[PDB]
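Peer 1:
Number of protein chains: 4
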Amino acid sequence: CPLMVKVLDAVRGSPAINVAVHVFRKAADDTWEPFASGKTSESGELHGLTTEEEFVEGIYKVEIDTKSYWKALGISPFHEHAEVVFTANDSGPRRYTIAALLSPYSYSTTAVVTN
Amino acid sequence: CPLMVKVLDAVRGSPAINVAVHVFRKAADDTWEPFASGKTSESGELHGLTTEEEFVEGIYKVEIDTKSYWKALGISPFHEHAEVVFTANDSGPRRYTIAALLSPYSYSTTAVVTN
Amino acid sequence: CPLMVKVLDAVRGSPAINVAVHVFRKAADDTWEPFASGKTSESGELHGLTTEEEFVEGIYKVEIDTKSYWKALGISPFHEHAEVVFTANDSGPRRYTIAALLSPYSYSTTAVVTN
Amino acid sequence: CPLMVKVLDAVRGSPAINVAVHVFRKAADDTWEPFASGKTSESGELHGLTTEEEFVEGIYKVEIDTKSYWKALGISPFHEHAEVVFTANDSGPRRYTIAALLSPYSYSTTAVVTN
């Protein structure tokens, strides 16, 4: 599992459950091609997005659908999504965890890169 | 200015100077139409992006492009490119400050909304 | 002011107003000796804590006490109390801005050091 | 394991390895009593600090010795430590993870509280 997303909720002090995540890959013509998607589990984690074979070198965009998440919990948030763009596997294959910490008017996204 | 953007370097503890900022507004036909752009000043702030007249209700995107900033200072590499997407002015005109805190493998962003 | 403290509410996207701030300086005999204190203004900032004359080299601690702020507005509960410890002026006098971003189960702090 | 600490390094995009952590508990006389300590492992995690029996209701302080960490890696950081104070188990026993994200001039500490 070379690409994983983990989401925490700073209001509840909990994993962020059932948050939708959409991943895109930049195509040769500089448009965004859909690459993978899913929703976080009870642990706030989303596994199984891709395989080592398909997760080739490139520029990737991870979008975390935070607005829908907060609204469902009764909170009006600021952002539509949390988003981060990064280049992956340009020094060879690595495992990436995108760790997101969410508040209604703020977030952080961190890439934890191993192997 | 109803929209201000501030960029900070979390490695050096400094304003990030001469960082390119691009703002977009979402059209019907879900395409991001260019809205404003500029570069951060000595204080890491970018003022005068727009006016109250033109900054109407909508979904906006702020992209922080750091390449020229880190090349010039000679510093490493912020692999995480920030894109901050939000609805503005849906409850009336407000003053928005969008702050971005940059690290090589992370960024944080906060919105302060006044008035 | 060579030391400024700024407090933001990450749930509301607002300055945290009337937050009590206590600053200490570390003595020989590892005891924190009181140095300065005040409450944040409308802008969430606290200016005039000290002067360049008195703000000499040392280890300082900034404690952000939020109890009165959240009781008055009636808001939930920031269970994480912030304590920010740092050496100041060891490379000559600088201007320090200590920012704290508060959530119920998290906080973030950043230092911007100029001159 | 009711109290765990996990530390990430935003410069390296990695777990923060061999970071010292000191935990204190507020005594009846309002002084800080040493409670537990240890160092993070290769995963950036520190387990085994305490037991459910000994981790009673109270006010706890977690200190993460970040200065020593950064200096060892060749980076001059701003803070002496990252520190967070919180009340634990006042609604009954819970499991706490203190998730810390570190940059040289900024950090965040989040309490993830389960059970």
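Protein chains in written order, with the authors' numbering: chain A, 10 to 124; chain B, 10 to 124; chain B', 10 to 124; chain A', 10 to 124. A prime marks a further copy of an entry chain.
Ideal Cβ positions, reconstructed from N, Cα and C, are used throughout, including at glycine.
1. Would you report the Cα separation of residue 54/A and residue 13/A, rounded to the nearest angstrom?
2. Taking Cβ positions, are residue 32/A and residue 69/A nearer each other than 9 Å?
3. Shorter than 9 Å from the beta carbon of residue 80/A to some beta carbon of chain B?
4. What residues in its chain sit with their C-beta under 6 Å from that of residue 71/A, if we drop five residues either side in the sequence?
5. Please report the distance separating the alpha-carbon of residue 85/B' from that of residue 117/A.
6. Taking only beta-carbon positions, decide if residue 77/B is within less than 9 Å of chain A.
7. What would DSSP say about residue 117/B, mapped onto helix, strand or coil?
8. Could you list which residues in chain B have their beta carbon closer than 8 Å to that of residue 87/A, in chain order?
9. What are the uninterrupted segments assigned as alpha helix (DSSP H) that are 4 or more residues long and contained completely in the stretch 56-120 of chain A, given in chain order?
10. Note down the Cα distance separating residue 63/A' from residue 74/B', rounded to an integer number of angstroms.
11. Work out the CA separation of residue 109/A and residue 29/B for me, nearest whole Å.
12. Taking C-beta to C-beta, are residue 46/B' and residue 112/A nearer than 9 Å?
13. Measuring alpha carbon to alpha carbon, tell me which residue in 26/B', 119/B' and 66/B' is nearest residue 101/B'.
14. If I measure Cβ to Cβ from residue 18/A' and keep anything under 6 Å in the same chain, skipping five residues before and after, which residues do I get?
15. Given that residue 22/A' touches chain A, what residues does it touch there, using C-beta distances under 7 Å?
16. Could you check whether the Cβ of residue 92/B sits closer than 9 Å to any Cβ belonging to chain A?
17. Are there 16 or more other CB atoms within 10 angstroms of the CB of residue 43/B', so buried, or fewer, so exposed?
18. What did DSSP end up calling residue 38/B' once you bin it into helix, strand or coil?
19. Return the CA-CA distance between residue 48/B and residue 121/B, expressed in angstroms with no decimal places.
20. Looking only at C-alpha atoms, which of 22/B', 58/B', 34/B' and 56/B' sits nearest to residue 119/B?
21. Near residue 96/B', which residues of its chain fall below 6 Å by C-beta distance, leaving aside the five closest residues on each side in sequence?
22. Measuring straight from C-alpha to C-alpha, what distance separates residue 123/B' and residue 105/B'?
23. Measure from the alpha carbon of residue 90/A' to the alpha carbon of each residue in 98/A', 99/A' and 80/A', then state which is nearest.
24. Here's a check: name, in chain order, each residue in its chain whose Cβ is nearer than 7 Å to the Cβ of residue 56/B', leaving out the five neighbours to either side.
Peer 2: According to the structure data:
1. 7 Å
2. Cβ distance < 9 Å, so residue 32/A and residue 69/A count as in contact.
3. no
4. Result list for residue 71/A: 32, 93 and 107, in chain order.
5. 22 Å
6. no
7. It is a strand residue.
8. Residues of chain B whose Cβ lies closer than 8 Å to the Cβ of residue 87/A are, in chain order, 95, 120 and 122.
9. 75-81
10. 28 Å
11. 24 Å
12. no
13. 66/B'
14. 25 and 111
15. 120, 121 and 122
16. yes
17. exposed
18. coil
19. Between residue 48/B and residue 121/B, the C-alpha separation is close to 20 Å.
20. 22/B'
21. 68
22. 7 Å
23. The residue with the shortest Cα to Cα distance from residue 90/A' is 80/A'.
24. 10 and 13
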